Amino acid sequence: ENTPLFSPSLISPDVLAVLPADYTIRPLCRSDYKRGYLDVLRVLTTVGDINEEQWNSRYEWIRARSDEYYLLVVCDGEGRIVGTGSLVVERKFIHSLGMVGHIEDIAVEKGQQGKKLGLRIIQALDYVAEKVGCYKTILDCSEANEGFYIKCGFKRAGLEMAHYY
């Protein structure tokens, strides 16, 4: 239930050193359903009603793929989840069988925003991607939050195109 989704060794030591006092950044675990996890994702977009059995099923799917999916959380001093971020590592044939990190689903609870937690999440995900051998990490953002990603050390690389069903 409390077993980390991936090795705690993958959490950037430099990030841990600079986090506000008593806050923590760590891999997701299964019991995080019960600690406010989904409620954090709701600041970002539509989540829907998900029951515990559904959470468990999808968590186990991700856990079986913990060499691809790296989901982590920021917890406050009371152990509540207040921030989320994901990295998905894509395998390619190009770049000599390279790998590309994709940052996804970045969210910080409204009352906890503007305190560098989002920056620390991005820094942690970048550390994972580099460490496992990705040649780059990419993500998509809006015009309204491009400046956040700039402050995280990302640079504009192209355009996101979409087809919704």
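A residue's number is simply how far along the shown sequence it sits, counting from 1. The term rigid core refers to the maximal set of C-alpha atoms that superpose within 1.5 Å between the two forms.
A.B. asks: Figure out for me whether 131-139 or 45-53 is the more displaced stretch in 4 other deposited structures of this protein, taking RMS C-alpha distance from the shown form once the rigid core is superposed.
C.D. replies: Higher average C-alpha offset in 4 other deposited structures of this protein goes to 45-53.
A.B. asks: Please work out which of 22-30 and 45-53 has the higher mean CA B-factor as recorded in the PDB entry.
C.D. replies: Result of the comparison: 45-53.
A.B. asks: Tell me which of 35-43 and 134-142 has the higher mean C-alpha B-factor in the deposited entry.
C.D. replies: It is 35-43.
A.B. asks: Could you look up the Cα B-factor of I150 in the entry and say which third of the chain it sits in: lowest, middle or highest?
C.D. replies: Middle third.
A.B. asks: Taking the C-alpha B-factors as the PDB entry records them, is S66 in the lowest, middle or highest third of its chain?
C.D. replies: According to the entry, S66 has a C-alpha B-factor in the chain's highest third.
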